[PDB]
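Coordinates in review
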Amino acid sequence: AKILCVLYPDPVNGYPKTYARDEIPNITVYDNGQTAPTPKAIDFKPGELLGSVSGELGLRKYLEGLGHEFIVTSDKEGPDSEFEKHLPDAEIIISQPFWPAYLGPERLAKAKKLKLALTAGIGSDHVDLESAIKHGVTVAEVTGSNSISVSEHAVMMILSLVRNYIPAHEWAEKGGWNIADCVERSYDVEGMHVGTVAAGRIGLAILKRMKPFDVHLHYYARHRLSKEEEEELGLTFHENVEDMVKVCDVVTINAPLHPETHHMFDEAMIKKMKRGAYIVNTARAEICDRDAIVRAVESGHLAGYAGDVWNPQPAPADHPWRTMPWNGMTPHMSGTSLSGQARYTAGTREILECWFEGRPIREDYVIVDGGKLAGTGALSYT
Amino acid sequence: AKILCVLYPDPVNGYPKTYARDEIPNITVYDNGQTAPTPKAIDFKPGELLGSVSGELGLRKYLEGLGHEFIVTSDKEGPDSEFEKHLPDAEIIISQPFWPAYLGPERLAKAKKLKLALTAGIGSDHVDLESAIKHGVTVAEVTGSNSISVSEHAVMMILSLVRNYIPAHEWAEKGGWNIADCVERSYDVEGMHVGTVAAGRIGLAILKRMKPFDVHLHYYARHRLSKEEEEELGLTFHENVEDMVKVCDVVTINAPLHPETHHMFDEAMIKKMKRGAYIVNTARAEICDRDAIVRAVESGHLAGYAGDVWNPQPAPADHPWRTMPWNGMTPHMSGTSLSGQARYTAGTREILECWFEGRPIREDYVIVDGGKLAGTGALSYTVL
Ligand SMILES: NC(=O)c1ccc[n+]([C@@H]2O[C@H](COP(=O)([O-])OP(=O)(O)OC[C@H]3O[C@@H](n4cnc5c(N)ncnc54)[C@H](OP(=O)(O)O)[C@@H]3O)[C@@H](O)[C@H]2O)c1
Ligand SMILES: NC(=O)c1ccc[n+]([C@@H]2O[C@H](COP(=O)([O-])OP(=O)(O)OC[C@H]3O[C@@H](n4cnc5c(N)ncnc54)[C@H](OP(=O)(O)O)[C@@H]3O)[C@@H](O)[C@H]2O)c1
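Residues numbered from 1 in each chain as written, not as in the entry; some residues may be left out. Chains lettered and ligands numbered in written order. Heavy atoms only, no water. Residues with missing side-chain atoms left out of burial classes, pairs and counts.

Structure determination for this entry, per the PDB record, employed X-ray crystallography and reached 3.0000 Å resolution.

Next up, the structure:
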């Protein structure tokens, strides 16, 4: 059928001629024991840029290797768009969260022939998980691929906030020194209290990583961890997120976006956070109330917020977070480092393979199949 | 005795009335057993700006109860310096490496009653230690004080380079998205080889901190860590740094500045390093040929460099490290975060007590005493 794939604009220097490196580490196995994607053939050197229009997830050889139709495009907005154009007769839709072709109920209505909305990466929140059920449609996402990538992003975005990196940097770039104005905001993270919403692949990664920084490790999930996990890391479990946000000076959000978590960090929850506390949100923007976050920083109740997730995506030029005080922001770039691109593209292939050769699709990669939250969907999403 | 303490400009918008936090952790022990400072008292709230002029490290009430004179300036360049002015009769001098009072042989010649050249923080390399040995002077830093501050500042820098943070936070501020532009240089550190040049308090810190990133861990040093530490961290020692930099995707430099480390990283050394390697230097700038860094950087042989330390500090505005491609530089700062100031301005104090009281100064604190390298200094530093 028509496979349709929404990928991001190429670099403004055009698709990369050469890269900064000759290769990247080979990664085969994850922490919880899960294996890295296992496609039979890949048609790209890992470490290459697969996630833009030109990269095309190195898929064009395999898909027009059964002479299927394979369209690629960054144009994805409103009903005149290239995406909206090819949408109705498409059977497999592929997009990445970094550049998400959203699939609400009406965009689901128009897609007459859609059988598999396939998230290249993690978090299928851009997809109306209910509607999907109504139309029998199947939804799968490359679970694990880029969780370690994100974890590195978060930790980094923590130290950048607590130590006030970006600003001090902003000085030295423009000729200055200004030490004194640098370290008025600069605290060690050491012996602070730090809190992960969720302790899934990311939240557990982040914890394992902050532990050697001699901080006191707290966390909310809906089920506890093992004892030997909780002891080896030396955690402090919290039933309420309320509970946790009172004691923690740093909170990392690391939970999926579904209606439980919608606006969890609204002005409501911001109350109980300690003055000068910090939020790293690498999970999904809509877990925070945008206009709440802003104020609590402007107000000064929050020392800082940083994150790579926004809403919508792209976020509008005028999105307050961008310019907001002490923002440690980036575009949505953690899941799609070259290192992680390697894995979610593989998986993207793997998942197409089993679908095209009739064979099954890993439990782990499946969010929705056959009208119910199955596999990862059942444990993580609502 | 006259005391002569050199501090740095207060914030352009005045010494601050309030700070966005109301307390900081209570660090009392260190990861080697060593105790934190043990002063008798303080004249500051742990977590106020102390290394600023107006901070006076909470001393101006101690020294004058004891009835000694206390000078404080951020003017130390030229002959004009208020510093060189009070230098001669200065019985005790204190500076912080962030705004260091450089004590060349000229200055140590023209200092006539100095008995104690004291480093606020760590890093007594703004001082000729030979001049200090001959002039019979005693020298000390606050060993431990801010080792952990730095160890974090590095790691953040490692991640920041390897993932292309600033470039991409630039794109955030300038209302773009341009993902391909962010990630075309962005990598995960997971899997890479990382090496620290020294494996001191700091270098060791970094090793422990980096370990759970599943990187491979290399290090050079003149002596080795123990069998226990080399096991639990999966450390690879090298006997030539040349052999370390060859395999390492990332090098952090955590060595003192002294003759063996001066321009360790020349163009010769830098050459050996992998294509697209990264350096982090949260130690002392002059361990790398400033000029050769920039060559390597521009030529895409080194994918980046990051560090707070420079030479000189403070530094020219057209220092090419400020503008070179893909830098992750801060002004000298890692060690004078507020959390660490509260420790070096307590060591600062504790030692002044051990001088006027006439008790042994803590051997860990001591660089030069008795006309020779001793303490930290005997194990860490060296002289021609
Ligand atoms: N580039 C990026 O920024 C990027 C990349 C990848 C992923 N992400 C986001 O991060 C999310 C986390 O993925 P992951 O790597 O952690 O995989 P995961 O193993 O599926 O983690 C999800 C975790 O969320 C917990 N959870 C679900 N609903 C919750 C709720 N209402 N409150 C608290 N915890 C809840 C689940 O445990 P319980 O069921 O026991 O609560 C589970 O441990 C993804 O879904 C995605 O939205 C962002
Ligand atoms: N703001 C900042 O960025 C900041 C803050 C504080 C300190 N620093 C710098 O970091 C330095 C590290 O000292 P520290 O107090 O962190 O810990 P430390 O224990 O004082 O550091 C000394 C370590 O460096 C090693 N070392 C000494 N000379 C060496 C050489 N020539 N080649 C290789 N290794 C050598 C020593 O081991 P061996 O005996 O085996 O050589 C020892 O492991 C300070 O002296 C200072 O220069 C920077």
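**Thoughts on the interface of chain B and chain A**
In this assembly, 81 residues from chain B lie in contact with 81 residues from chain A. Between chain B and chain A, the buried area comes to about 7,400 Å², and carbon and sulfur atoms account for 60% of it. At the junction of chain B with chain A, the criterion picks out ten salt bridges. In this structure, B:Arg163 and A:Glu152 form a salt bridge, with 3.6 Å as the shortest nitrogen-oxygen distance. Taken together, the connections running from chain B to chain A amount to 44 residue pairs in polar contact. Among the secondary structure elements, those contributing two or more residues to the side of chain B that touches chain A are α5 (147–163), α6 (165–173), α7 (179–183), α8 (201–210) and α13 (338–356) of chain B. Per-element tally for the side of chain B that touches chain A: the top contributor is α5(B), with ten residues. Tallied by class, the residues present in the side of chain B that touches chain A amount to 41 nonpolar, 23 polar and 17 charged. (Contact = heavy atoms within 4.5 Å. Buried area = accessible area lost by both parts, 1.4 Å probe. Salt bridge = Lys/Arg side-chain N within 4 Å of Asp/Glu carboxyl O. Polar contact = N/O pair within 3.5 Å; in protein donor to acceptor, adjacent residues only side chain to side chain. Helix = DSSP H or I, 4+ residues; strand = E, 2+ residues; numbered from the N terminus. Nonpolar A, V, L, I, M, F, W, Y, C, P; charged D, E, K, R; others polar.)

**Quick look at the nonpolar core**
Counting residues in each nonpolar core, the largest one holds 262 residues, and the members touching the most others are A:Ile94, A:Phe265, A:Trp321, B:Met210 and B:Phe265. Each residue touching B:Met210, except ones within four places of it in the same chain, is listed here: B:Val155, B:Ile158, B:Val189, B:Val194, B:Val215 and B:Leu217. (Core = buried A, V, L, I, M, F, W, Y, C linked by side-chain atoms within 4.5 Å. Buried < 20%, exposed > 50% of the residue type's maximum accessible area, 1.4 Å probe, protein only.)

**Concerning the site of ligand 1**
Residue and element names in this part refer to chain A. What surrounds ligand 1 is a group of 29 residues, the closest being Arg201, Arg222, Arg284, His332 and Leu379. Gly335 has a polar backbone atom sitting 3.0 Å from a nitrogen atom of ligand 1. Within the backbone of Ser380, one N or O atom sits 3.2 Å away from a nitrogen atom of ligand 1. In the complex, 93% of the free accessible area of ligand 1, which totals 920 Å², lies under the protein chains. Elements that contribute at least two residues to the shell around ligand 1 include exactly α5 (147–162), α8 (201–210) and α14 (376–380). For the shell around ligand 1, the per-class residue count stands at eleven nonpolar, 13 polar and five charged. (Near = heavy atom within 4 Å. Areas by Shrake-Rupley, 256 points an atom, 1.4 Å probe, with all protein chains shown as cover.)

**Side note on the packing of aromatic side chains**
For the structure on display, the rule yields ten aromatic pairs over all chains. Look at A:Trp177 and B:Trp310: their rings are 5.8 Å apart centre to centre, the planes differ by 70°, and that puts the pair in the edge-to-face class. Taken together, the positions of A:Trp177 in the loop between α6 (165–173) and α7 (179–183) and B:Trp310 in the loop between β11 (302–306) and α13 put the pair across two chains. Their ring planes at 80° and their centres at 5.5 Å tell us that A:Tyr219 and A:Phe237 sit as a pair that is edge-to-face. Of the two residues, A:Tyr219 is situated in strand β7 (residues 216–220) and A:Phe237 in strand β8 (residues 235–237); the sequence distance between them amounts to 18 residues. (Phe/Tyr/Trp six-rings, centres within 6.5 Å; stacked < 30°, edge-to-face > 60°.)

**Side note on the sheet that holds strand β6 (residues 193–197) of chain A**
Residues and elements named next belong to chain A. Strands sit in the order β8-β7-β6-β9-β10-β11 across an open sheet of six strands; the sheet is parallel. The open sheet has two edge strands, β8 and β11 (302–307), and neither has a second partner. Neighbour-to-neighbour, the strand axes of the sheet open up by a mean angle of 20°, direction not taken into account. Of the strand pairs in this sheet, strand β10 (residues 277–281) and β11 are connected by five bridges, and their pairing is parallel. Bridged to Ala277 within β11 is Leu302. α5 contacts β9 (250–253), β10 and β11 of the sheet and is inclined by roughly 150° relative to β10. Strands β6, β7, β8 and β9 of the sheet are contacted by α8, whose axis makes an angle of about 170° with β7. (Pairing = 2+ DSSP bridges. Axes fitted to C-alpha atoms, helices over the stretch in contact; angles between N-to-C directions.)

**Observations concerning the sheet that holds β11(B)**
Residue and element names in this part refer to chain B. Strand order in the open sheet made by the six strands is β8-β7-β6-β9-β10-β11, with parallel pairing throughout. Of all the strands in the sheet, just β8 (235–238) and β11 have a single pairing partner and so form its edges. Adjacent strand axes in the sheet meet at a mean angle of 20° when their direction is disregarded. The sheet contact formed by strand β6 (residues 193–196) and strand β9 (residues 250–253) spans three bridges and is parallel. Bridging from a neighbouring strand, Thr196 pairs with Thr252 of β9. Where α5 meets the sheet, it contacts β9, β10 (277–281) and β11, and its direction lies at approximately 155° from that of β10.

**As for the UniProt feature "binding site: NAD(+)" (unreviewed entry) in chain A**
Residues and elements named next belong to chain A. Mapped onto this numbering, the UniProt entry gives "binding site: NAD(+)" (unreviewed entry) at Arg201, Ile202, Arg222, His258, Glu260 and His332. Of the residues just listed, which span 132 residues, the most distant C-alpha pair is 26.5 Å apart, and they do not cluster in one region. Following the sequence through the fold, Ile202 ends up in helix α8. Overall, the relative accessible area of 19% leaves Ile202 in the buried class. Setting aside anything within four residues of it in sequence, one finds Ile202 in contact with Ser147, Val150, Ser151 and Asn254. Along the chain, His258 turns up in the loop between β9 and α11 (267–270). (UniProt positions renumbered as here; feature names shortened; annotations may be inferred.)

**Side note on the UniProt feature "binding site: NADP(+)" (unreviewed entry) in chain A**
UniProt's entry tags A:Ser147, A:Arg201, A:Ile202, A:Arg222, A:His223, A:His258, A:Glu260, A:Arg284, A:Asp308, A:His332, A:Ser334 and A:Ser380 with the feature "binding site: NADP(+)" (unreviewed entry), counted in the numbering of this structure. Maximum C-alpha separation among the annotated residues is 28.5 Å over a sequence range of 234 residues, too wide for a single clustered spot. Its location among the elements puts A:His332 in the loop between β11 and α13 (338–356). The class of A:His332 is buried, set by a relative accessible area of 5%. With residues near it in sequence (within four places) discarded, A:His332 still touches A:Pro97, A:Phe98, A:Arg284, A:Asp308, A:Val309, A:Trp310, A:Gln313, B:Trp177 and B:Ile179.

**A few points about the site of ligand 2**
Residues and elements named next belong to chain B. As a structural note, the neighbourhood of ligand 2 is formed by 28 residues, with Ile202, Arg222, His223, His332 and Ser334 the closest of them. Between a nitrogen atom of ligand 2 and a side-chain N or O atom of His332, the distance comes to 2.6 Å. Burial of ligand 2 by the protein amounts to 94% of the accessible area it has alone, namely 910 Å². Among the secondary structure elements, those contributing two or more residues to the shell around ligand 2 are α5, α8 and α14 (376–380). Taken together, the residues of the shell around ligand 2 sort by class into eleven nonpolar, twelve polar and five charged.

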